[PDB]
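Chemist: Got a structure for you, questions after.
What is reported rests on the model, the rules as stated and the sources as named; nothing here is a laboratory result. Virtual Cβ from ideal backbone geometry, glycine too; neighbours counted across all protein chains shown.
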Amino acid sequence: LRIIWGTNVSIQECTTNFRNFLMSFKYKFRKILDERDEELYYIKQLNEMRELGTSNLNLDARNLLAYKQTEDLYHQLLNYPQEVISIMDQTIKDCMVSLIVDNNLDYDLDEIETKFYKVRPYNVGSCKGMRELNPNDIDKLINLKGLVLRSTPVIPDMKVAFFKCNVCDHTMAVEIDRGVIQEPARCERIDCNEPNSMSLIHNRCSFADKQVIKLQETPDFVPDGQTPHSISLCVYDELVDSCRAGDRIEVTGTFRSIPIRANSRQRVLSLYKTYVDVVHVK
Amino acid sequence: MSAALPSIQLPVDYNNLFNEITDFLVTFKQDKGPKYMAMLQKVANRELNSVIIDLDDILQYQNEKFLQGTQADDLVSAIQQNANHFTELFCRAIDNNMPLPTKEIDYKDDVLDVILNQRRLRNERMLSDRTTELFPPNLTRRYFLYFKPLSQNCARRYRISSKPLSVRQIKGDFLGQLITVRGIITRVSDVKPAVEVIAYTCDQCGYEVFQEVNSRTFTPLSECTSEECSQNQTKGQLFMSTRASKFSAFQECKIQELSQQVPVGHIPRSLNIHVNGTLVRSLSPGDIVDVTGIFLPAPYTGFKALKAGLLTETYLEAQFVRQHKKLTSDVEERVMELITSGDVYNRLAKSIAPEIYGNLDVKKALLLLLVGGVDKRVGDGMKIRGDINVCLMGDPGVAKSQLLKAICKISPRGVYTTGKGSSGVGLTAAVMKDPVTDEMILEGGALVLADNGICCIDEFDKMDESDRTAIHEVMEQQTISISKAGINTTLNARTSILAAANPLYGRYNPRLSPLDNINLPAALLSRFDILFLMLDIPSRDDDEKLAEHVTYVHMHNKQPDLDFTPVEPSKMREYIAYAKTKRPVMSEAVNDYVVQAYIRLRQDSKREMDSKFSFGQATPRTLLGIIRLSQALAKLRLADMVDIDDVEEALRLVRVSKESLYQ
């Protein structure tokens, strides 16, 4: 198969593994909750978003341990949680096509096949607070229980750039997808023009949203000496303006750390700052 | 280079110590085989990451070098000379004598397992891919080192470096050594990931450039420096990587002095301490502890010319912590000692606070409230009142403060307070100034941290503009909040109140009207349950006994007497905690006996109607409180006997708490 330098994860068996997990399910999981429903919650809901148009599937993600297969998927999910969502976002759009190929009268077969969807695994495992966050927890899922305090308005992100030098007309749009904007040093739109002054027409290329939110843990069974400390949030999608400040929270997020510039005007840097990146809140 | 760059020839070298750590191989057979090698096996199988290389295994190793008459230099000499140099030659001795594949890990069951071997094989196959950079030794450790000195009778055997010196005398030649200091830990920061290794990827060659981590500021390098992706017309542009960069633990703390070994002069000063390895998350604010560790100064690297000439601002680096002074689980033998001996109403009354004269009524009124218990599991949305509050008043000269507050410093989770400091605005939590780290945190007072405990207050006439709000808001159920311009979130309220109001000038005149000295009528006559008094009447027989009472404590130093065996406070604490796990349910004859009690409570209170002595006009809020303390005393003395006699103990207390002014 295709093995990556970065991860150790597989190829699209999980697509095939999801489909037999999803379609041949109809109920499971009674064995842990043995007290003593003929169709799975996901199956009817998969038809529901098809006729609502929404882009969000709130996956319980506590089924791969309640299914005989998908164990290695399940433990890769708690171990490479940036690639495996990017694999799973390809499946749901294609699994939507797997219901679209049945009846060809279903919303003209183009427009619900252009806007992307996304998934939301949540309630995965459990944590207990903040005095357990060890440095080895680099790319894992964390299940916090705390309190939101205050917010900020949205600052924008750099998802696409724009350029134009002083020729008559040049509307290129360079992508970034990094921490590095790359630039040319030669002209364009002619066969003979020198290394010209390339200008940065900033207010033309589109930007999405982003919001940082400050959290402090709820002082839960604190031993009457310790002060509840802080951590921050970063959201990307349309979970903005729904996390208003002042309510109890249970977040479902990944982990990330960033460097800081030590001098404000140099690129020199080293006690890092971390944060979390939310995939789904509650 | 010239101008005194070479030094004098020193007789103390390192190669004589380098081979002496080579004979720290399997040779120490006194202390099942090589015992320090046995600990080497319980780390490689990945369950614990702290070795302990003490001085005991060095001194006994030097004890059985008493017979080999050869030149063996001293070890505790050099390791107190320059202690920090004794870890880098140490790790370069373990690797030649480390048994590597002694564990069994297949795919999972180890963090960062297949990928480091993926990384190692990606560098191992690239060790022979020409038809090259070795690992810096910091990459493959997955372990740390530690040290531990001695202050036992081995120091009195034969010969110091571990006397608990204070911070005051420490500035001399004690810089670059290993010294322990006791203190009190304050200013606990958090745990942040520090850097020890690096990995830049350029996405063209994949050759991850490694470097040692220097001080807190450093700089990335260029992209045309490598061996494959360099040296052409195209160079891969470098950037960082997270998962291929191992990160450590780090947390900062500050010490002070014991306030008993300080001289008569100056104030004590602080000191900086760090952590490494895995001693982290093991200190607390208020720990009367001591740390043993090694010494080094640090450069400042900022504004070093005009200011910062040769200032030093050192810290100490930690090595060991020796912390001090810390339910049917090998403790049931003392729970039986209360069950076999019995004696609830009197021996426990003499147990808590036996250091006064008389007043067995009030020492009994408090022990019932030190157990509490869930009032009623209401289920529906009827949040009933619990946790009644008793207030005191009167002006004795027996220093009333250390009567009540001595109970608070042994009772569980019961925080002390006073008038100054956390006033009624800072009784709850608020937002304040912080250091250069995350400001606008929610700093608290007492009630946001002492939930469901004891709020032992004094000085009730102090800061009353904020306090008079503060007492109602906890007597009112569940509105401890921060109604500021920051947030409108509200937290719980479940704590009992024990108040002691001081009178007006001189004595409270009992012939005058009461409430001449307490300023809250509405807080008292309707929202409390019971009162007391500490009035002083002249009486000859008691005071000479009270005179012998206070003079007996001076010639000796001990205070105990009067045929009472003193009881350990853990025993009743276990008895309270066991009593808090019962919660009996009342019968029907008890509510039949209180309706006749309240009628007899109604009729006589509706006879006086005067402003001479008495308070109250028989509220049901007093009626529900007398049900509250009954099941409380039925909780502590649970023999499953909720009956007429159990509540007869209850009205026995309300009649003696009342009319304490009639003398």
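Chemist: Just checking, does the range B:172-186 include any residue being within 14 Å of chain A (Cβ to nearest Cβ), closer than 20 Å to residue A:258 by Cβ, of a type in the set (A, V, I, L, M) and not in a loop (DSSP other than H, G, I, E, B)?
Modeler: So far as the range B:172-186 goes, no, none of its residues is within 14 Å of chain A (Cβ to nearest Cβ), closer than 20 Å to residue A:258 by Cβ, of a type in the set (A, V, I, L, M) and not in a loop (DSSP other than H, G, I, E, B).
Chemist: In the list B:662, B:598, which residue meets the criterion of being among the aromatic types (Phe, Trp, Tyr) and in a helix (DSSP H, G or I)?
Modeler: B:598
Chemist: On to the next question. Filter the range B:185-212 down to residues that are among the aliphatic types (A, V, I, L, M) and either touching a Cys at 6+ places or on another chain (Cβ under 8 Å) or farther than 30 Å from residue B:322 by Cα (or both), then give me how many there are.
Modeler: Counting residues in the range B:185-212 that are among the aliphatic types (A, V, I, L, M) and either touching a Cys at 6+ places or on another chain (Cβ under 8 Å) or farther than 30 Å from residue B:322 by Cα (or both) gives 6.
Chemist: So, one more: Can you tell me which residue among B:255, B:273, B:267 is farther than 20 Å from residue B:47 by Cα, of a type outside the set (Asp, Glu) and surrounded by fewer than 13 Cβ atoms within 10 Å (Cβ to Cβ)?
Modeler: B:267
Chemist: Another question, then. Just for the range B:476-505: of the residues that are under 19 Å from residue B:532 (Cα atoms) and not β-branched (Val, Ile, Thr), which one is farthest from the other protein chains (Cβ to nearest Cβ)?
Modeler: So the residue we want is B:504.
Chemist: Quick one: in the range B:403-427, of everything that is crowded, with 17+ Cβ neighbours inside 10 Å and hydroxyl-bearing (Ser, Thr, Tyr), which residue is farthest from the other protein chains (Cβ to nearest Cβ)?
Modeler: Ranking the qualifying residues of the range B:403-427, first place goes to B:423.
Chemist: Residues being acidic (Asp, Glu), part of a helix (DSSP H, G or I) and either closer than 13 Å to residue A:50 by Cα or more than 20 Å from the chain's Cα centre (by Cα) (or both): count how many of those fall in the range A:80-120.
Modeler: 4
Chemist: Got a sec? Which of A:278, A:212, A:235, A:268 is of a type in the set (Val, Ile, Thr), surrounded by 16 or more Cβ atoms within 10 Å (Cβ to Cβ) and touching a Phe, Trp or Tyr at 6+ places or on another chain (Cβ under 9 Å)?
Modeler: Residue meeting the stated conditions: A:278.
Chemist: Among the residues in the range B:220-229, are any surrounded by fewer than 14 Cβ atoms within 10 Å (Cβ to Cβ) and touching a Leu at 6+ places or on another chain (Cβ under 8 Å)?
Modeler: Scanning the range B:220-229 turns up at least one residue that is surrounded by fewer than 14 Cβ atoms within 10 Å (Cβ to Cβ) and touching a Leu at 6+ places or on another chain (Cβ under 8 Å).
Chemist: Under the condition of being more than 13 Å from every other protein chain (Cβ to nearest Cβ) and in contact with a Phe, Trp or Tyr (Cβ under 9 Å, 6 or more places away or on another chain), which residue from the range B:98-133 is farthest from residue B:244 (Cα to Cα)?
Modeler: In this case the residue turns out to be B:133.
Chemist: Can you pull out the residues in the range B:450-469 that are within 28 Å of residue B:395 (Cβ to Cβ) and under 27 Å from the mean Cα position of the chain (by Cα)?
Modeler: Matches in the range B:450-469: B:450, B:453, B:454, B:455, B:456, B:457, B:458.
Chemist: Select from the range A:242-258 the residues that are within 21 Å of residue A:78 (Cβ to Cβ) and either touching a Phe, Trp or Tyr at 6+ places or on another chain (Cβ under 8 Å) or not assigned by CATH to the domain that holds residue A:271 (or both) and list them in ascending order.
Modeler: Selection gives A:252, A:256, A:257.
Chemist: Follow-up question, since we're still on this one. Pick out the one residue from A:107, A:117, A:122 that is of a type in the set (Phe, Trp, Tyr), in contact with an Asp or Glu (Cβ under 9 Å, 6 or more places away or on another chain), surrounded by 14 or more Cβ atoms within 10 Å (Cβ to Cβ) and over 28 Å from residue A:221 (Cβ atoms).
Modeler: It is A:117.
Chemist: Turning to a different aspect of this structure: What number of residues within the range A:27-54 are surrounded by 14 or more Cβ atoms within 10 Å (Cβ to Cβ) and under 22 Å from the mean Cα position of the chain (by Cα)?
Modeler: Residues that pass the stated criteria total 4.
Chemist: Give B:66, B:90, B:28 a once-over and let me know the one that is touching an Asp or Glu at 6+ places or on another chain (Cβ under 7 Å), away from chain A (no Cβ under 14 Å) and either among the hydrophobic types (A, V, I, L, M, F, W, C) or not in a helix (DSSP H, G or I) (or both).
Modeler: B:28
Chemist: Identify all residues within the range B:328-351 that are surrounded by 15 or more Cβ atoms within 10 Å (Cβ to Cβ) and closer than 22 Å to residue B:660 by Cα; write none if there are none.
Modeler: B:349, B:350
Chemist: Any residue in the range A:231-245 that is closer than 12 Å to residue A:157 by Cβ sitting within a Cβ distance under 6 Å of a residue that is surrounded by fewer than 15 Cβ atoms within 10 Å (Cβ to Cβ) and of a type in the set (A, V, I, L, M, F, W, C)? List the pairs, counting only those 6 or more apart or interchain.
Modeler: A:234/A:212
Chemist: Take the range B:379-435 and flag every residue that is part of a loop (DSSP other than H, G, I, E, B) and of a type in the set (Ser, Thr, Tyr).
Modeler: Result: B:411, B:417, B:418, B:422, B:423, B:428.
Chemist: Does residue B:274 satisfy the criteria of being over 30 Å from residue B:134 (Cα atoms) and either within 12 Å of chain A (Cβ to nearest Cβ) or in contact with a helix residue (DSSP H, G or I) (Cβ under 6 Å, 6 or more places away or on another chain) (or both)?
Modeler: Against the criterion (over 30 Å from residue B:134 (Cα atoms) and either within 12 Å of chain A (Cβ to nearest Cβ) or in contact with a helix residue (DSSP H, G or I) (Cβ under 6 Å, 6 or more places away or on another chain) (or both)), residue B:274 qualifies.
Chemist: So which residues in the range B:428-457 are farther than 23 Å from residue B:405 by Cα and either of a type in the set (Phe, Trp, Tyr) or within 8 Å of chain A (Cβ to nearest Cβ) (or both), if there are any at all?
Modeler: Hits for the range B:428-457 are B:438, B:440, B:441, B:442, B:443.
Chemist: Does residue B:462 satisfy the criteria of being within 14 Å of chain A (Cβ to nearest Cβ) and among the basic types (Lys, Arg)?
Modeler: So residue B:462 does not fit the description; no.
Chemist: Of all residues in the range B:239-252 being surrounded by fewer than 18 Cβ atoms within 10 Å (Cβ to Cβ) and charged (D, E, K, R), which is farthest from the other protein chains (Cβ to nearest Cβ)?
Modeler: Going through the qualifying residues, I end up with B:252.
Chemist: Would you confirm whether or not the range B:277-293 contains a residue that is within 14 Å of another protein chain (Cβ to nearest Cβ), in contact with a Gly (Cβ under 9 Å, 6 or more places away or on another chain), part of a loop (DSSP other than H, G, I, E, B) and on the phi > 0 side of the Ramachandran plot?
Modeler: Looking through the range B:277-293, at least one residue is within 14 Å of another protein chain (Cβ to nearest Cβ), in contact with a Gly (Cβ under 9 Å, 6 or more places away or on another chain), part of a loop (DSSP other than H, G, I, E, B) and on the phi > 0 side of the Ramachandran plot.
Chemist: If the Cβ limit is 7 Å and pairs must be 6+ apart or interchain, which residue in the range B:634-653 that is within 16 Å of residue B:368 (Cβ to Cβ) pairs with which residue that is of a type in the set (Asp, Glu)?
Modeler: B:634/B:646
Chemist: Among residues belonging to the range B:36-63 that are surrounded by 13 or more Cβ atoms within 10 Å (Cβ to Cβ) and of a type in the set (D, E, K, R), point out the one that is nearest to the chain's Cα centre (by Cα).
Modeler: The selected residue is B:54.
One line per residue, one yes/no per condition, for (1) at the interface with chain A (Cβ under 9 Å from one of its Cβ atoms); (2) touching a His at 6+ places or on another chain (Cβ under 8 Å); (3) part of a loop (DSSP other than H, G, I, E, B):
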position	(1), (2), (3)
B:190	yes, yes, yes
B:198	no, no, yes
B:204	no, no, yes
B:207	no, no, yes
B:219	yes, no, yes
B:227	no, no, yes
B:233	no, no, yes
B:237	yes, no, yes
